[PDB]
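A quick write-up on the structure given underneath.
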Amino acid sequence: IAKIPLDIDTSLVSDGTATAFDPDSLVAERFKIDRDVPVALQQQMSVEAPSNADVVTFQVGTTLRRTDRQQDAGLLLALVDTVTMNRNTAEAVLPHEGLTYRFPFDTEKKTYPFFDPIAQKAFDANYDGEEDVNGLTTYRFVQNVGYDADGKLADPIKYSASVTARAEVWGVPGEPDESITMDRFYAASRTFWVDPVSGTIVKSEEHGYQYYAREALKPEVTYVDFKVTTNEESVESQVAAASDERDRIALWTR
Ligand SMILES: [Xe]
Ligand SMILES: [Xe]
Ligand SMILES: [Xe]
């Protein structure tokens with residue numbers, strides 16, 4: 036019925052709060068962890084080569100920054116991702158699988174595989190109900206990565230990463246000047262609000278958690294624990310884009 040357009044160029048922002056390690060304390064006497072820090076997650080998406088009649092490539096740059104700092108300070112996380120997807124299905128075709162940044166046209170009330178770029182694997186995005194978003198009826202989907210159905214930490218992803234520091238520097242118990250090596254782990258939970266016609270994700274809520282531990286289910290030191298939601302302006306921009314796409318599709322479909 037339709038193809039993902041080749042002229043997508045969006046910059047979306049999600050605001051929220053985090054507990055975060057201060058990267059500027061890496062060589063300090065004690066690793067500094069700041070609580071209840073305001074943050075902004077910015078996602079910039081642009082179309083790149085290869086894109087043609089069949090496929091579309093998106094380059095996505097994502098940053099998480101503290102908003103109680105000026106522009107040269109407070110960068111917490113940065114990720115660049117590149118994916119080529121089928122223009123008709125939105126499915127991925155470094156190797157990605159399933160949905161990544163959009164749902165298919167005529168999205169159904171069912172489970173979809175949705176890629177997590179840190180886990181480097183697709184996890185179920187389960188249908189969770191209908192909800193109005195700025196006058197548009199959307200389908201809500203929920204994806205858990207490392208958390209079970211009850212929201213308990215169960216299978217966090219171990220990064221392939231490790232950090233070695235004295236117990237006094239980590240701020241954990243230990244023998245005097247004991248050297249401790251901890252692995253980095255990741256777990257996340259996301260909610261997507263989807264326009265069922267165009268498949269556009271008009272709003273998202275994301276709760277990301279990265280920490281250091283000797284054992285996966287016994288987190289010891291937080292790297293980042295953030296919860297963000299797409300801001301009003303970004304939701305309005307996506308609802309407008311989805312609405313334009315829907316108006317165009319309505320002209321040649323039944
Ligand atoms: Xe990020
Ligand atoms: Xe660290
Ligand atoms: Xe850390």
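For reference, each letter of the sequence shown is one residue, going 36 to 128, 155 to 221, 230 to 323 in the deposited numbering. Using N, Cα and C, we set each Cβ at its ideal position, and we do this for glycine too.
Rounded to the nearest whole angstrom, the CA to CA distance from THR124 to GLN204 is 19 Å.
By the criterion of a C-beta distance shorter than 6 Å, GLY277 is surrounded in its chain by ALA257 and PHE295, once the five residues flanking it on both sides are discounted.
The beta carbons of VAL263 and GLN307 sit about 10 Å from each other, so the pair does not count as a contact at 8 Å.
With respect to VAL232, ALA55 sits apart: the two C-beta atoms are not nearer than 8 Å. Taken from the Cβ of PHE295, every heavy atom of ligand 3 lies 7 Å or farther away. Under the three-state reduction of DSSP output, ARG201 falls in the strand class.
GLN79 has its alpha-carbon roughly 15 Å from the corresponding atom of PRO178.
Contact check between the segment 111 to 127 and the segment 199 to 214: fewer than three CB pairs, one atom from each, fall below 8 Å, which does not count as touching. Rounded to the nearest whole angstrom, the C-alpha separation of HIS157 and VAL91 is 14 Å. Proximity of the segment 38 to 57 to the segment 85 to 103 meets the contact definition, three or more beta-carbon pairs being nearer than 8 Å. Distance from the Cα of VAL82 is smallest, within the candidate group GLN181, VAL95, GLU301 and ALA236, for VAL95. Going by C-alpha positions, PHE66 is about 15 Å away from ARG253. When the Cα atoms are used, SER273 and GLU244 turn out to be separated by approximately 45 Å. Shown here, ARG104 sits in coil according to DSSP, grouped into three states, outside any helix or strand.
Taking every protein chain shown into account, the CB of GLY51 has 16 or more other CB atoms within 10 angstroms, so this residue is buried. Annotated three-state conformation of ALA310 is helix, per DSSP.
In the three-state DSSP reduction, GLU305 falls in the helix class (H, G or I).
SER49 counts as buried, since at least 16 other C-beta atoms from the protein chains shown sit within 10 angstroms of its C-beta. For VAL232, the CB falls within less than 7 Å of some heavy atom of ligand 2.
The DSSP-derived three-state label of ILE318 is helix.
Set against 7 Å, the gap from the CB of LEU99 to the closest heavy atom of ligand 1 is smaller.
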